[PDB]
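Trainee: Sharing a structure with you now.
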Amino acid sequence: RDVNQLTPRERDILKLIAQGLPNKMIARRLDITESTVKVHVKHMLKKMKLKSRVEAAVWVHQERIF
DNA sequence: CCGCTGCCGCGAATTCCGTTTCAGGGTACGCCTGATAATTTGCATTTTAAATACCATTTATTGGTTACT
């Protein structure tokens, strides 16, 4: 639904995804295993009902909210 | 009758260096014509914004949940 509905943690993964870092680079940056990144991304996929990260990223950048 | 004159040929050291690359003949003219040497177009091969038609092995996303601050 809405990107602001996410938790601060989920906001962090979301912003890292929108910044173009790949999943393992996200794991490196936050010093966590790939499993937690997979858990976060799969919950984002389920809640946002989306197929890929790119669509969410482009929708985030569309309105130029920042 | 086998002697001498007079012609004509031929020759005269070695390396470097230098320097002005330079001048001097004292005679006509106007036609046709072909004969080259100039200049003008098209067609072969590249190269074509790219567009296109298959093989390829290596990440990406991934299928997410079972344990657990």
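Letters A, B, ... go to the chains of the structure tokens in the order shown; residues in each chain start at 1; ligands are counted from 1 in the same order.
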Write out as number ranges by chain the residues lying within 10 Å of stretch 12-29 of chain A, counting only C-alpha atoms (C1' of nucleotides) and excluding same-chain residues fewer than 5 positions away.
Mentor: A: 3, 6-7, 34-38, 40-41, 44, 53-61; B: 60-61
Trainee: Export, as a CSV table (one decimal), in the first residue's frame, the selected residues with N, CA, C and O atoms (P, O5', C5', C4', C3', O3' and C1' of nucleotides).
Mentor:
```
chain,number,residue,atom,x,y,z
A,3,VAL,N,4.4,3.3,1.4
A,3,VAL,CA,5.7,3.0,1.9
A,3,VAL,C,5.9,3.5,3.4
A,3,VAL,O,6.7,2.9,4.1
A,6,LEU,N,5.5,1.0,6.6
A,6,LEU,CA,6.5,0.1,7.0
A,6,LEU,C,7.2,0.5,8.3
A,6,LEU,O,7.1,1.7,8.7
A,7,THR,N,7.8,-0.5,9.0
A,7,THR,CA,8.5,-0.2,10.2
A,7,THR,C,9.8,0.5,9.9
A,7,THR,O,10.3,0.4,8.8
A,34,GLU,N,22.1,-13.3,4.9
A,34,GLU,CA,21.2,-13.2,3.7
A,34,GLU,C,19.7,-13.6,4.1
A,34,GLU,O,18.8,-13.1,3.5
A,35,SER,N,19.6,-14.4,5.1
A,35,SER,CA,18.2,-14.9,5.5
A,35,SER,C,17.3,-13.8,6.0
A,35,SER,O,16.2,-13.7,5.6
A,36,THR,N,17.9,-12.9,6.8
A,36,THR,CA,17.1,-11.7,7.3
A,36,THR,C,16.7,-10.8,6.2
A,36,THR,O,15.6,-10.3,6.1
A,37,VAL,N,17.6,-10.6,5.3
A,37,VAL,CA,17.3,-9.7,4.1
A,37,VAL,C,16.2,-10.4,3.3
A,37,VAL,O,15.3,-9.7,2.8
A,38,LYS,N,16.3,-11.7,3.1
A,38,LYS,CA,15.3,-12.4,2.4
A,38,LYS,C,13.9,-12.3,3.1
A,38,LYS,O,12.9,-12.2,2.4
A,40,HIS,N,12.9,-9.9,5.1
A,40,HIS,CA,12.4,-8.6,4.9
A,40,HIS,C,11.8,-8.3,3.5
A,40,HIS,O,10.8,-7.8,3.3
A,41,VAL,N,12.6,-8.8,2.5
A,41,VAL,CA,12.2,-8.6,1.1
A,41,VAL,C,10.9,-9.4,0.8
A,41,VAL,O,10.0,-8.9,0.0
A,44,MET,N,8.0,-7.6,2.3
A,44,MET,CA,7.7,-6.4,1.4
A,44,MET,C,6.9,-6.9,0.2
A,44,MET,O,6.0,-6.2,-0.3
A,53,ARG,N,11.6,-5.3,-7.2
A,53,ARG,CA,12.1,-4.2,-6.5
A,53,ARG,C,12.0,-2.9,-7.4
A,53,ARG,O,11.8,-1.8,-6.9
A,54,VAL,N,12.2,-3.1,-8.7
A,54,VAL,CA,12.3,-1.9,-9.6
A,54,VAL,C,11.0,-1.1,-9.7
A,54,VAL,O,11.1,0.1,-9.7
A,55,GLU,N,9.9,-1.8,-9.7
A,55,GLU,CA,8.6,-1.1,-9.8
A,55,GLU,C,8.4,-0.3,-8.5
A,55,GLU,O,8.0,0.9,-8.6
A,56,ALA,N,8.7,-0.8,-7.4
A,56,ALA,CA,8.6,0.0,-6.1
A,56,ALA,C,9.5,1.1,-6.1
A,56,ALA,O,9.1,2.2,-5.7
A,57,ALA,N,10.8,0.9,-6.6
A,57,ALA,CA,11.7,2.0,-6.6
A,57,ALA,C,11.3,3.1,-7.5
A,57,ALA,O,11.3,4.3,-7.2
A,58,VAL,N,10.8,2.8,-8.7
A,58,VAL,CA,10.4,3.8,-9.7
A,58,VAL,C,9.1,4.6,-9.1
A,58,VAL,O,9.0,5.8,-9.3
A,59,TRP,N,8.2,3.9,-8.5
A,59,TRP,CA,7.1,4.5,-7.9
A,59,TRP,C,7.5,5.5,-6.8
A,59,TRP,O,6.9,6.6,-6.6
A,60,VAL,N,8.5,5.0,-6.0
A,60,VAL,CA,9.0,5.9,-4.9
A,60,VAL,C,9.6,7.2,-5.5
A,60,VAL,O,9.3,8.3,-5.1
A,61,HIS,N,10.3,7.1,-6.6
A,61,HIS,CA,11.0,8.2,-7.3
A,61,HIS,C,10.0,9.1,-8.1
A,61,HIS,O,10.3,10.2,-8.5
B,60,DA,P,23.9,-11.5,-7.8
B,60,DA,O5',22.4,-11.5,-8.4
B,60,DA,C5',22.1,-10.7,-9.5
B,60,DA,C4',20.6,-10.7,-9.7
B,60,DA,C3',19.8,-10.8,-8.4
B,60,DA,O3',18.6,-9.9,-8.4
B,60,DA,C1',19.2,-12.5,-9.8
B,61,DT,P,18.0,-9.4,-7.0
B,61,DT,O5',16.5,-10.0,-7.1
B,61,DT,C5',15.7,-9.8,-8.2
B,61,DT,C4',14.9,-11.1,-8.6
B,61,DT,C3',13.8,-11.4,-7.5
B,61,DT,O3',12.8,-12.1,-8.2
B,61,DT,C1',15.4,-13.1,-7.6
```
Trainee: Once you count only C-alpha atoms (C1' of nucleotides), what closest atom pair and distance in Å to one decimal does each residue of chain A within 9 Å of chain B have, with rows by chain and rising residue number, as JSON lines?
Mentor:
```
{"residue": "A:38", "atom": "CA", "partner": "B:62", "partner_atom": "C1'", "distance": 8.1}
{"residue": "A:39", "atom": "CA", "partner": "B:65", "partner_atom": "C1'", "distance": 8.2}
{"residue": "A:42", "atom": "CA", "partner": "B:64", "partner_atom": "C1'", "distance": 7.4}
{"residue": "A:52", "atom": "CA", "partner": "B:61", "partner_atom": "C1'", "distance": 8.3}
```
Trainee: Quick one: write out the picked residues with N, CA, C and O atoms as a short mmCIF file (atom, residue, chain, number, x, y, z; two decimals), in the first residue's frame?
Mentor:
```cif
data_model
loop_
_atom_site.label_atom_id
_atom_site.label_comp_id
_atom_site.auth_asym_id
_atom_site.auth_seq_id
_atom_site.Cartn_x
_atom_site.Cartn_y
_atom_site.Cartn_z
N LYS A 38 16.30 -11.72 3.08
CA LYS A 38 15.26 -12.45 2.36
C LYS A 38 13.92 -12.34 3.07
O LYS A 38 12.89 -12.18 2.43
N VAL A 39 13.93 -12.45 4.40
CA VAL A 39 12.70 -12.33 5.18
C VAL A 39 12.07 -10.96 4.98
O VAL A 39 10.87 -10.84 4.71
N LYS A 42 10.79 -10.58 1.30
CA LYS A 42 9.60 -11.38 1.03
C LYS A 42 8.38 -10.81 1.74
O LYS A 42 7.27 -10.86 1.19
N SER A 52 8.65 -7.12 -8.28
CA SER A 52 10.08 -6.82 -8.33
C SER A 52 10.36 -5.53 -7.57
O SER A 52 9.46 -4.72 -7.32
#
```
Trainee: Do you have the atom CA of residue A:11-atom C1' of residue B:69 distance handy?
Mentor: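 Interatomic distance, atom CA of residue A:11 to atom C1' of residue B:69: 20.0 Å.
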Trainee: Kindly give the distance, in Å, that separates atom CA of residue A:50 and atom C1' of residue B:67, rounded to a single decimal.
Mentor: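 A separation of 27.6 Å between them.
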Trainee: Measure the distance from atom CA of residue A:63 to atom CA of residue A:47 in Å and round it to one decimal.
Mentor: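 Between atom CA of residue A:63 and atom CA of residue A:47 the gap works out to 20.9 Å.
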Trainee: Where in stretch 13-66 of chain A does DSSP assign helix (DSSP H, G or I), given as a ChimeraX atom specification?
Mentor: /A:13-18,23-30,34-48,53-62
